[PDB]
Amino acid sequence: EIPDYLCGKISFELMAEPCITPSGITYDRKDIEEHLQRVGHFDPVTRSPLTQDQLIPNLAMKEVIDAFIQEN
Amino acid sequence: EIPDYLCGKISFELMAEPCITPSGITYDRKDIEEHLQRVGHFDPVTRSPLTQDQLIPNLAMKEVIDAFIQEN
Amino acid sequence: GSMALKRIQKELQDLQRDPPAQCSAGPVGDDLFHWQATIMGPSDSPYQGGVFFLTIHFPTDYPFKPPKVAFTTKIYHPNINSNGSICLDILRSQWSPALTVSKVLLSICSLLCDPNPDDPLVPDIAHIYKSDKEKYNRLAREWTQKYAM
Amino acid sequence: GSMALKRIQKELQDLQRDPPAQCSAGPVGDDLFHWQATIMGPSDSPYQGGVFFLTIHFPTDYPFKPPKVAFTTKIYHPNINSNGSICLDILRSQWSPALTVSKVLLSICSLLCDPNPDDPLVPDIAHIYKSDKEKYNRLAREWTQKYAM
Ligand SMILES: [Cl-]
Ligand SMILES: [Cl-]
Ligand SMILES: [Cl-]
């Protein structure tokens, strides 16, 4: 039983490389980038304009995930 | 004992309004905002340039916290 | 990679543990890329009392491409044509990898309670809808009884 | 505003839980806005076998303003004047609210081990240090014995 907020809004799976967009949404780099490069340059959730360079590595979450991975 | 990644790099207290910087570092809006005003326009940790308008809401983290504020 | 399969398996999990109201869905064979979903005509609509069947085909590069969703049962509706094609922006230009079949399903339902004639697919029905809206329900409930009951 | 006090308290709770190597700190009576700290000679420095006392005064903007830290124990060092004033980056231009007293204490130990003669508070020692290294170690040793032993 994996919480949702630890899964990618695209992959639906746990996040390996979490990173947040300016709209304040976290994706898994590999998936969010596949989207920006094949679908369009917008936030899959807010649809605001978005581009690879605008992705900040959500370090906090990255830890939070490691934590969860320990006890599981 | 609260996990660390769920606390402010400044306040050290649990995070009420977690927002991220382009450095991946997450602070509590209140604290980081005063720092930018009283201390300077740079990331408290990385020290790279930073302005208030660059702070992004770390929503994922906002709910990871609530999630913790659950069992306790 | 075959992330599509992993994504589809997860979606199915969610969809089936909490299915859109009035709806139901599941893979056909062990083909998680070929689903069949069914919808109960909503409770005010002249579609009320009918059972509608649709086919959902997931493209190999899902969820980056939208799913192919079509009505296999006949229906008198302005946004759904004779060969089960549904006109719902979200299934076309407005598709987003973040959306799910469950969401699409919900749209189709609401789209059954509130047709959008300003963006037709079947002009006549769209017209009959705009003007003689009473005649619309007459033929809608008629088709439901003849093709969905 | 009183967040300062809350923060200072966590630091103290933290500090006394896992003291920086060679150091020790604790409140000086009441208001945690005032602390006492002792540092054992850097073993590795000519200050070895010496015990030094410092006073930490937290401003009201803490942690937005660096703590006021000073030696009370006399010490022969180019970066510390006879008033126990310490020329530390991390106490001046390089301060950050992310830094801690603990960190400051390690930084000070580091400084004992390796003085910074180019940014002195005592030109004269800075000189001896850079020119006659030995004379420097001798006096430091002598002063440690006389004032910190
Ligand atoms: Cl994702
Ligand atoms: Cl987020
Ligand atoms: Cl903070």
# chains A, B, ... in the order shown; residues from 1 in each chain; ligands from 1

$ select_by_dssp --residues "chain B" --states "alpha helix (DSSP H)" --output "ChimeraX atom specification"
/B:29-38,59-71

$ write_last_selection --atoms "C-alpha atoms" --output "mmCIF file, in the first residue's frame"
data_model
loop_
_atom_site.group_PDB
_atom_site.id
_atom_site.type_symbol
_atom_site.label_atom_id
_atom_site.label_comp_id
_atom_site.auth_asym_id
_atom_site.auth_seq_id
_atom_site.Cartn_x
_atom_site.Cartn_y
_atom_site.Cartn_z
ATOM 1 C CA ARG B 29 7.528 30.210 3.464
ATOM 2 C CA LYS B 30 7.440 32.391 6.593
ATOM 3 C CA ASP B 31 11.078 31.803 7.575
ATOM 4 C CA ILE B 32 12.707 31.878 4.121
ATOM 5 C CA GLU B 33 10.732 35.003 3.220
ATOM 6 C CA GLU B 34 12.042 36.925 6.197
ATOM 7 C CA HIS B 35 15.560 35.675 5.465
ATOM 8 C CA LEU B 36 15.379 37.069 1.940
ATOM 9 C CA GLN B 37 14.323 40.352 3.477
ATOM 10 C CA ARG B 38 16.535 40.553 6.549
ATOM 11 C CA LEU B 59 2.630 20.748 -2.433
ATOM 12 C CA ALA B 60 3.727 17.103 -2.406
ATOM 13 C CA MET B 61 5.627 17.873 0.775
ATOM 14 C CA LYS B 62 2.648 19.751 2.172
ATOM 15 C CA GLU B 63 0.669 16.551 2.121
ATOM 16 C CA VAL B 64 3.541 14.334 3.283
ATOM 17 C CA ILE B 65 3.498 16.477 6.394
ATOM 18 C CA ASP B 66 -0.255 16.261 6.976
ATOM 19 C CA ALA B 67 0.209 12.529 6.427
ATOM 20 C CA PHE B 68 2.657 12.520 9.342
ATOM 21 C CA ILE B 69 0.479 14.819 11.465
ATOM 22 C CA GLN B 70 -1.915 11.887 11.137
ATOM 23 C CA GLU B 71 -0.542 9.041 13.267
#

$ residues_around --residues "residue 69 of chain D" --least-positions-apart "4" --cutoff "9 Å" --atoms "only C-alpha atoms" --output "list in words"
residues 54, 55, 56, 57, 58, 84, 85, 86, 91 and 104 of chain D

$ residues_near_ligand --ligand "ligand 3" --cutoff "12 Å" --atoms "only C-alpha atoms and all ligand atoms" --output "PyMOL selection string"
(chain B and resi 4-21+25-36+43-45) or (chain D and resi 3+7+63-64+96-99)

$ calpha_fit_rmsd --fixed "chain C" --moving "chain D"
0.6 Å

$ residues_around --residues "segment 110-112 of chain C" --least-positions-apart "5" --cutoff "9 Å" --atoms "only C-alpha atoms" --output "JSON, numbers by chain"
{"C": [41, 42, 45, 47, 77, 79, 88, 105]}

$ atom_distance --atom1 "atom CA of residue 1 of chain B" --atom2 "atom CA of residue 6 of chain D"
16.3 Å

$ atom_distance --atom1 "atom CA of residue 50 of chain B" --atom2 "atom CA of residue 2 of chain B"
28.1 Å

$ select_by_dssp --residues "segment 8-145 of chain C" --states "strand (DSSP E or B)" --output "ChimeraX atom specification"
/C:23-27,34-40,51-57,68-71,77,80,85-86

$ write_last_selection --atoms "N, CA, C and O atoms" --output "CSV table (one decimal), in the first residue's frame"
chain,number,residue,atom,x,y,z
C,23,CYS,N,-20.7,3.6,-13.9
C,23,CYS,CA,-19.8,2.8,-14.8
C,23,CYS,C,-19.2,1.6,-14.3
C,23,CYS,O,-19.2,1.3,-13.1
C,24,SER,N,-18.5,0.9,-15.2
C,24,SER,CA,-17.8,-0.4,-14.9
C,24,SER,C,-16.8,-0.6,-16.1
C,24,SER,O,-17.1,-0.2,-17.2
C,25,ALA,N,-15.7,-1.2,-15.8
C,25,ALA,CA,-14.7,-1.5,-16.9
C,25,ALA,C,-13.7,-2.5,-16.5
C,25,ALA,O,-13.5,-2.8,-15.3
C,26,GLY,N,-13.1,-3.1,-17.5
C,26,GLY,CA,-12.1,-4.2,-17.2
C,26,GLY,C,-11.4,-4.6,-18.5
C,26,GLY,O,-12.0,-4.4,-19.6
C,27,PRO,N,-10.3,-5.3,-18.4
C,27,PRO,CA,-9.6,-5.7,-19.7
C,27,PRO,C,-10.4,-6.9,-20.3
C,27,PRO,O,-11.1,-7.6,-19.6
C,34,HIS,N,-6.7,-3.8,-24.2
C,34,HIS,CA,-8.0,-3.8,-24.8
C,34,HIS,C,-9.1,-3.9,-23.7
C,34,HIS,O,-9.2,-5.0,-23.0
C,35,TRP,N,-9.7,-2.9,-23.3
C,35,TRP,CA,-10.7,-2.9,-22.3
C,35,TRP,C,-12.1,-2.7,-22.9
C,35,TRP,O,-12.2,-2.2,-24.0
C,36,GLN,N,-13.1,-3.0,-22.1
C,36,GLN,CA,-14.5,-2.8,-22.5
C,36,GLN,C,-15.1,-2.2,-21.2
C,36,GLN,O,-14.8,-2.6,-20.1
C,37,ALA,N,-15.9,-1.1,-21.4
C,37,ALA,CA,-16.5,-0.5,-20.3
C,37,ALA,C,-17.9,-0.3,-20.6
C,37,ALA,O,-18.3,-0.3,-21.8
C,38,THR,N,-18.8,-0.3,-19.6
C,38,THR,CA,-20.2,-0.2,-19.8
C,38,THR,C,-20.8,0.9,-19.0
C,38,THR,O,-20.2,1.2,-17.9
C,39,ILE,N,-21.8,1.6,-19.5
C,39,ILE,CA,-22.4,2.7,-18.7
C,39,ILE,C,-23.9,2.6,-18.6
C,39,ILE,O,-24.6,2.3,-19.6
C,40,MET,N,-24.4,2.9,-17.5
C,40,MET,CA,-25.9,2.9,-17.2
C,40,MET,C,-26.3,4.3,-17.5
C,40,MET,O,-25.9,5.3,-16.9
C,51,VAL,N,-28.3,0.5,-21.2
C,51,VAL,CA,-27.0,0.0,-20.9
C,51,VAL,C,-26.1,0.2,-22.1
C,51,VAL,O,-26.4,-0.4,-23.2
C,52,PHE,N,-25.1,1.0,-22.0
C,52,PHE,CA,-24.3,1.4,-23.1
C,52,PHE,C,-22.9,0.7,-23.0
C,52,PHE,O,-22.3,0.7,-21.9
C,53,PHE,N,-22.4,0.2,-24.1
C,53,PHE,CA,-21.1,-0.5,-24.2
C,53,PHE,C,-20.1,0.2,-25.0
C,53,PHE,O,-20.4,0.6,-26.1
C,54,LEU,N,-18.9,0.3,-24.5
C,54,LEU,CA,-17.9,1.0,-25.3
C,54,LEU,C,-16.6,0.2,-25.2
C,54,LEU,O,-16.4,-0.7,-24.4
C,55,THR,N,-15.7,0.4,-26.2
C,55,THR,CA,-14.5,-0.3,-26.3
C,55,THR,C,-13.4,0.7,-26.1
C,55,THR,O,-13.4,1.8,-26.7
C,56,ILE,N,-12.4,0.4,-25.3
C,56,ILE,CA,-11.3,1.2,-25.0
C,56,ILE,C,-10.0,0.6,-25.5
C,56,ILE,O,-9.7,-0.5,-25.0
C,57,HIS,N,-9.3,1.2,-26.4
C,57,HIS,CA,-8.0,0.7,-26.9
C,57,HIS,C,-6.9,1.6,-26.5
C,57,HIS,O,-6.8,2.7,-27.0
C,68,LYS,N,-8.4,5.1,-27.3
C,68,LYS,CA,-9.4,5.1,-28.3
C,68,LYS,C,-10.7,4.6,-27.7
C,68,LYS,O,-10.8,3.4,-27.4
C,69,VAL,N,-11.6,5.5,-27.4
C,69,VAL,CA,-12.9,5.2,-26.7
C,69,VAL,C,-14.1,5.4,-27.6
C,69,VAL,O,-14.4,6.5,-28.1
C,70,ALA,N,-14.8,4.3,-27.9
C,70,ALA,CA,-16.0,4.3,-28.7
C,70,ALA,C,-17.2,3.6,-28.2
C,70,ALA,O,-17.1,2.5,-27.6
C,71,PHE,N,-18.4,4.1,-28.5
C,71,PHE,CA,-19.7,3.5,-28.1
C,71,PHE,C,-19.9,2.3,-29.1
C,71,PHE,O,-19.9,2.5,-30.3
C,77,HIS,N,-27.5,10.9,-29.8
C,77,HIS,CA,-26.8,12.0,-29.1
C,77,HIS,C,-26.1,12.9,-30.1
C,77,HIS,O,-25.5,12.3,-31.0
C,80,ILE,N,-22.1,12.1,-30.2
C,80,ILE,CA,-21.8,10.7,-30.4
C,80,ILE,C,-22.4,10.3,-31.7
C,80,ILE,O,-23.6,10.2,-31.9
C,85,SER,N,-18.3,7.1,-32.5
C,85,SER,CA,-17.2,8.1,-32.2
C,85,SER,C,-17.8,9.1,-31.2
C,85,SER,O,-18.9,9.6,-31.4
C,86,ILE,N,-17.0,9.5,-30.3
C,86,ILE,CA,-17.4,10.4,-29.2
C,86,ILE,C,-16.6,11.7,-29.4
C,86,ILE,O,-15.4,11.7,-29.7
